[PDB]
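Inside the fold
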Amino acid sequence: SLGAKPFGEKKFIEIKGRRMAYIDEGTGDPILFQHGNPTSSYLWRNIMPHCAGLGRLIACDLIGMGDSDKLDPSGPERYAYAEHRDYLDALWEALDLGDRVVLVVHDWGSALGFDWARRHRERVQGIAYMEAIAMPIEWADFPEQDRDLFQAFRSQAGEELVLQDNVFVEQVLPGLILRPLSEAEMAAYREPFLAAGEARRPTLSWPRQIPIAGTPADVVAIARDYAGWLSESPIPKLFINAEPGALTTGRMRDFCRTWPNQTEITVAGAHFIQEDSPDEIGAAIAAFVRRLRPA
Ligand SMILES: [Br-]
Ligand SMILES: [Br-]
Ligand SMILES: [Mg+2]
Ligand SMILES: [Mg+2]
Ligand SMILES: [Mg+2]
């Protein structure tokens, strides 16, 4: 169902001097849900229930996001993709996941998840993805409605737009959910970013990492690697498509449809589809896991 309550209480693990937060409920092989920008584990609160009894349900909060500690010093060079990966690789190692992990990913959680899978292919039982960064793109592939705003985040205007005005949280987030959110839901997303300044840096560093028109070259190279790999991987996949969707449309959606051993469903939503169609998403993920783990 819909609802504002979180799925569980956060547990914490020390990673490289910082405390990282995550939800971890149940037992069994892991079903790992990874949020992206400007969200946290809260994104999956109404989807995880569908997998009750199917595995150890885990949702990690990326460094500087959700209830995971903020990095200090922080500034323009902080919270880039490689730094997020360094922290997340360590947390996932610390979680003792074993070799039958089902990844459920979104946005930057998909770039991080796809990259981890390419590097630990034998430990990945299945991948469910939605509104993902499945390959490097061009501006022509970016949703028309926010193209100018995202070019702005990537310019020097970003510090004012995000560190001062918190536009990713206050405007982009609700602007890409079809239904109006309650105050409690909005409060959950605003919480890690209530403070003006560096506390909001993760939500500005992220759009500056999207692999568009070849920049930043480093993330473009990483996405090219996992795109090439996924397009050829026999690992079972669940493509949770969205209408109208946002990122995974046009060229990128056509490319994802060429991926092998994949099942697809379409749900109503723009980018943060978990807020619009949680039960349809959860049900398909549960059906996918039951197929992968015949009881
Ligand atoms: Br972003
Ligand atoms: Br570059
Ligand atoms: Mg500490
Ligand atoms: Mg906090
Ligand atoms: Mg398009």
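Positions along each chain are numbered from 1 by the written sequence. They may not match the entry numbering, and residues without coordinates are not shown. Each chain is given a letter, starting from A, and each ligand a number, starting from 1, according to the order in which they appear as written. Here the side-chain values reflect all heavy atoms present in the structure, with hydrogen atoms and water set aside. Residues with missing side-chain atoms are left out of burial classes, side-chain pairs and their counts.

Judging from the entry metadata, X-ray crystallography is the method by which this structure was determined, and 1.85 Å is the reported resolution.

Before going further, it helps to examine the sheet that holds strand β4 (residues 56-60). One open sheet accounts for eight strands, arranged β1-β2-β4-β3-β5-β6-β7-β8; its pairing is mixed. Two strands close off the open sheet at either side, each with one partner strand: β1 (11-15) and β8 (262-269). Looking at each pair of strands side by side, their axes are set apart by 20° on average, direction ignored. Bridge analysis of strand β3 (residues 30-34) against β4 gives five bridges, and the strand direction is parallel. Looking at the pairing, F33 lines up with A59 of β4. Pairs of residues are marked as contacts when any of their non-hydrogen atoms sit within 4.5 Å. Note on geometry: axes are lines fitted to C-alpha atoms, helical ones only across the stretch in contact, with angles between N-to-C directions running from 0 to 180 degrees. Helix numbering and strand numbering both begin at the N terminus, where a helix is a DSSP run of H or I of at least 4 residues and a strand a DSSP run of E of at least 2. On the sheet, helix α1 (residues 81-94) packs against β1, β2 (18-25), β3, β4 and β5 (101-107) and is oriented at approximately 120° with respect to β1. By the convention used here, strands pair only if DSSP detects at least 2 bridges between them.

It is worth spelling out the packing of helix α5 (residues 167-175) against helix α6 (residues 183-190) at this point. In contact at an axis separation of 10 Å, α5 and α6 are set at 125° when each is read in the N-to-C sense. Considering the angle they form, α5 stands oblique to α6. The handedness of the crossing between α5 and α6 comes out as right-handed. Touching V169, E170, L173 and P174 of α5 are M186, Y189 and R190, all from α6. Along the lines of polarity and charge, the residues of the contact of α5 with α6 split into five nonpolar, no polar and two charged. Each angle receives one of four descriptions, namely roughly parallel if under 35 degrees, roughly antiparallel if over 145, roughly perpendicular if within 65 to 115, and oblique otherwise. Here a crossing is called left-handed whenever its near helix is offset anticlockwise from the far helix by less than a right angle, and right-handed whenever the offset is clockwise. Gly is placed with the polar residues, together with every amino acid not listed as nonpolar (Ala, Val, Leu, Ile, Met, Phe, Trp, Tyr, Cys and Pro) or charged (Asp, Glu, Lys and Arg).

Cis geometry is adopted by the peptide bond preceding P38, which originates at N37 and carries an omega value of 0°. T215 connects to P216 through a cis peptide bond whose omega is 0°. Here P216 is to be found in the loop between α7 (202-205) and α8 (217-230). At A213, a residue that is not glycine, the phi angle is positive and equals roughly 50°.

Once that is clear, we can look at the packing of α1 against helix α2 (residues 108-119). Running from amino to carboxyl end, α1 crosses α2 at an angle of 60°, the nearest separation of the two axes being 11 Å. Classified by the angle between their axes, α1 and α2 sit oblique to one another. At the point where α1 passes α2, the crossing takes the right-handed sense. Along the contact surface, α1 presents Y81, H84, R85, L88, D89 and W92, while α2 presents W108, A111, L112, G113, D115, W116 and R119. Counted by class, the contact of α1 with α2 contains seven nonpolar, two polar and four charged residues.

Turning next to the pattern of salt bridges. Salt bridge, as used here, is a side-chain nitrogen of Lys or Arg placed within 4 Å of a carboxyl oxygen of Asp or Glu. Scanning the model with the defined rule gives 21 salt bridges in all. A salt bridge links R56 to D24; its shortest N-O distance comes to 2.7 Å. Taken together, the positions of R56 in strand β4 and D24 in strand β2 put the pair 32 residues apart, joining distant regions of the chain. A salt bridge links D115 to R119; the shortest N-O distance between them is 3.2 Å. Of this pair, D115 and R119 both sit in helix α2, separated by four residues, roughly a single helical turn. Of the residues examined, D115 reaches a relative accessible area of 1% and is grouped as buried. The buried label applies to any residue whose accessible area, calculated with a 1.4 Å probe on protein chains only, is under 20% of its type's maximum; exposed applies above 50%, and partly exposed to all values in between. Judged by relative accessible area, which is 31%, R119 ranks as partly exposed. Through salt bridges that share partners, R45, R179, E185 and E275 make up one connected network.

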